[PDB]
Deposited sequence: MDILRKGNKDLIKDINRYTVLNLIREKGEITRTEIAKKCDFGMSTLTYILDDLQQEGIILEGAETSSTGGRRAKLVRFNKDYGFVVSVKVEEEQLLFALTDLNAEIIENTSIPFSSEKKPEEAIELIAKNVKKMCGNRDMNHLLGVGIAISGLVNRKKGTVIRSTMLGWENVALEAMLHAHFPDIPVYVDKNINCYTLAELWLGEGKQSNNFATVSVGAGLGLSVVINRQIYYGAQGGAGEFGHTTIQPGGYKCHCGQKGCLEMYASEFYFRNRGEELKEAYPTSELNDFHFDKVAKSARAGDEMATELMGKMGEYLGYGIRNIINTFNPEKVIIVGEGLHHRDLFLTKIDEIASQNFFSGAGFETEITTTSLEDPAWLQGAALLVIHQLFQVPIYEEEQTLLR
């Protein structure tokens, strides 16, 4: 009795085999750029699901973008450049009598928080992810809020700087262009000429954090500003939702020492704290594999 879950990131596919309590039995990571390559990615997924396995009760998939959870399709992921991808149908060519379920990445994480994490107690909280992009999932009554057609929570594509950086979504000035890994490239390209002896020219989160800790001037400017914008974003979430608490999650937390304080400084100055009512902003006690545990719970709740 087992479930297989998948997280489709932009530069790697993650897999796990879990039991019926979403406890991980095995997990792996396959380097692959899925950008504009859904068919090839899905063949790799099928191959790697088969590799991990009769008593496969389902496959759960966490992915970026607008998903139709009813049909198992990826309507629009501008993170991946995927347009109307029939993910469930395509995997069912390989695994005919195995349920496939798809949901937005951060919604899957939030299922994990609800069942295993600091969303055990709470009934109204928000989950914000930091890393490659910026994600949001809001829980209202221990239920994820999906909005009219499952698209709620594209908080990364709220405008934080009108007229600012061009986003992958087609808009200018999206929060994700300032309050995620994308900022390091957007701003780092502009700063090259001013900082010609910077170590830094790979703008992945890890590399930027490494250089910032090493005292590189450009890297610390990038990391400092990204934290400020993330602070604005979390403040916005607070003033908008009045959540009981905000739970920060995501791979960016490997470098939390470089931005959490900045987030707290900004986000704790909010509409309700002006009256003396503080909103708790806390980091998840779950780790990176909870994206996969959550995608598994996607299947498990469909069963029971």
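- Unmodelled regions (deposited sequence positions with no C-alpha coordinates, counted from 1) are 1 to 82, 136 to 140, 392 to 404.
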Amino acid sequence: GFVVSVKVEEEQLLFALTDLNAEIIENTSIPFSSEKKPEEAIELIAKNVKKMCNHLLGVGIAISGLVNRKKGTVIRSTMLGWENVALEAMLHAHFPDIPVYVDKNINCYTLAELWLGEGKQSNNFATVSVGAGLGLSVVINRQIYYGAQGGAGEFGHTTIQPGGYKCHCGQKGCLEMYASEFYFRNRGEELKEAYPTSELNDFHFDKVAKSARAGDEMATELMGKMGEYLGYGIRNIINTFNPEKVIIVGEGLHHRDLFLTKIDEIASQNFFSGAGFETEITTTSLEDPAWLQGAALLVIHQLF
From here on, numbers count along this sequence of modelled residues.
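- Per the PDB record, of the two stretches 151 to 159 and 136 to 144, 136 to 144 carries the greater mean B-factor over its C-alpha atoms.
- Set 265 to 273 against 42 to 50 and average the Cα temperature factors; 42 to 50 ends up higher.
- Looking only at 78, 171, 121, 127, the residue with the top Cα B factor in the deposited structure is 121.
- Comparing the C-alpha B-factors of 64, 279, 236, 27 in the entry, the top value falls on 27.
- When the modelled residues of the chain are ordered by C-alpha B-factor, residue 57 sits in the highest third.
- The entry lists a Cα temperature factor for residue 178 that places it in the lowest third of the chain's modelled residues.
- Residue 13 sits in the lowest third of its chain by CA B factor, as recorded in the PDB entry.
- When all modelled residues of the chain are sorted by CA temperature factor, residue 34 is found within the middle third.
- Annotation for residue 298: CA B-factor lies in the highest third of the chain's modelled residues.
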